[PDB]
Every structure is written in structure tokens, then in C-alpha cells.
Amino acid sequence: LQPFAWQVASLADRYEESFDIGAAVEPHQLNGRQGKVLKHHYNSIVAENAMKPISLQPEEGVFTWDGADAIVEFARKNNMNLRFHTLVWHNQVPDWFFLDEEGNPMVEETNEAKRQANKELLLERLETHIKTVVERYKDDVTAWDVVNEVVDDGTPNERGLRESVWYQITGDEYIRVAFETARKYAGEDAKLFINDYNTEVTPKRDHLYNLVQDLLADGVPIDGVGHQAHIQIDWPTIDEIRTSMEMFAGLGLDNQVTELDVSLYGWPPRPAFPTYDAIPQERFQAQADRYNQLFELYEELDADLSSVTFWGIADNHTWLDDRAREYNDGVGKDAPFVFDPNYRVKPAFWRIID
């Protein structure tokens, strides 16, 4: 049988000359077998969910720090780096941000002067959320996802910005405010990232590229691009990945791979294998070949890449299962990592440890 993750060489040790090796976690993953894998393999962590806006400030002025603090304390106790995910997102964000002083959605307002009053209110709220959160964690966090998923996959406006509530209310100003406020409160040395998925594919890659150039020219503080890397076995290509990271490096921006998982399924993900034991070993081999090429590329790009984080630990816990179930009538199992649901290594582990 394949040995347990804690019986093989550490990924963080393998890649110590190149970049951090990170995992997304929940508080319950900090102990038991998950915690043993974590301590063995990784030198960086990020909160899967506990640091999202709604997790930290679910009502106006009501902050809930318990889960986030557990993860911070774990990083401190275990000498791990710590990514903060995330100051600004259009998902997992409480609806109170976006209500006017009468308690109605700001997006519905048709009086332009009132829209401008709303924009200032929302930006002030965003400043207060960032200040409060940053002041708590500024000595612990080594990379901030200041904004998440602000760029569109299409082109609904000239700049290719996602038309979330943030954009409808503030245009791009929420993005500027977010970075400026993060810098102000976190300090001159804090590393500030814009994070997104599909950063390897156009038009998105280029909308992102233009946005970071625009903000940089305007003096907005941005240090790096977070590439979520929710990828497949055959897509995106190695060269697409390389080009994107080189493009951002050419601007003087750092790159981090922030939410890496290698799905077994394209889009749409059906038919999915219904259970883990139904997945044929050949699929794990195809995955291992992918992982091999990926990590060769990341090593090749290591002058321009400071951290590689997987969006989870082992195959027993991944949002990809939710995605699989969503497209296959409630049944389906994905397997995106190099450790199996029992914490045993997979073929992919051996192909990235060598």
C-alpha cells in the first residue's frame, strides 16, 4: 500500500530553495491526521474560509475572530508563513456592506447623488473592515490577498472588470481603496496581492495585466499576483502558465500559486466517478504526469514564484467534491491532491518529490 504522508520526505523540504509549500485549512484540520500531514509537509498556511469577509464581520461592527485566531496561533506555534485570504470578495461577504442607510440595496438606487453617497459609505465600511482586520493580524501575515476575483472572465466593460456589487457601487475605486488601506495599516513591507483564477487564459489574463499596470502607474501599492490554479489534467497548458507568470514578473510583481488543485474532470464535470474507489488507477497516473510537469515548471520559474499553496490537504476534503456532486445529481468524487483520503501518498507525490 502507499505509505502515510508523514512517512515520506517533506514537500516543503524538497522545495525549500524555490518557494513555500502551503495548504488551505479549517480549524478542525489543525489536529488529528490532517494536522499531522500539515505539520510534516507545509511551511505556509491560508484559511480556506475563516478569513473571508463574512467570517470576520458578519454584522456591522460585530467581529468574530475565533476561527481565524486559531489558524494564526497554529502558524505561530509551528513557524509557518501565513497568507491572508481575503480582504475583498463578492462571495462569502455579508450583505450589510451593500445596503444604504434606509436598509435597501445600494445597487437599486437610481438617483446619481445618492449613488455617490452610497459609494462613499461602502468605501468607508470597506476601510473600517480592512483597518480592523489588518491591525489584528499585521505581525503574522506574510502575503495579503487584498482583493479576490475582481477581473471578469469576459468583457462586460472596457476594462474587463467583474461587475459585482463592488464595481456597480464604486467602479474600480474599491480596489484602489483596498490596497491603499492595506498598505497604510499593514506597513511598508507587507506583501499585497491581487488574487484570481484563470489568470493563464485570455481575455482574463490580459484584463488583469492591464489592471495591475494601470493601478501601479497610479501609485496604488500592489506587490504580487495570486494565481488560484484551479486547474485540470490537460488544461491550461504549461506554456500558458509560464507566459502568465513571466508577464507579471516583467512588471516587477511577485507570483504566488494560491489555491492549487488538479481536478480529475474537465467542464462540465460529468460523468464523475461516483466514489473514490471507482476512480481507475490510470486517472491517478495521468494526474501524476500533470503534477510532475507543473512542479518542473514552478521550479524553472522559482526566481519569480515565492509560494505554492494547495487548496486543501488530502483528498477527503475539497470543494471539488461539491462541484462534482452539483453536476452529477448529488453523487461524485474528485481527488485533486498528492495525498489520498486516508493520508496515503498518491502517484503524484512521488513525481513531485523526485
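Heads up: residue numbers just count along the shown sequence, starting at 1.
Set 199-207 against 98-106 and average the Cα temperature factors; 98-106 ends up higher. The PDB entry records a higher mean C-alpha B factor for 218-226 than for its counterpart among 218-226 and 190-198.
In this structure the maximum Cα B-factor among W166, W144, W267, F248 is found at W267. Of the candidates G330, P341, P336, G22, the one whose C-alpha carries the top B factor in the deposited record is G330. Among the modelled residues of its chain, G61 has a C-alpha B-factor that falls in the highest third, as given in the PDB entry. Residue-level temperature factors show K77 in the highest third of its chain, judged at the C-alpha atom. For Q256, the recorded CA B-factor ranks within the lowest third of the chain. Only modelled residues enter the ranking.
In the PDB entry, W235 places in the highest third of its chain by CA B-factor. When the modelled residues of the chain are ordered by C-alpha B-factor, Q287 sits in the middle third.
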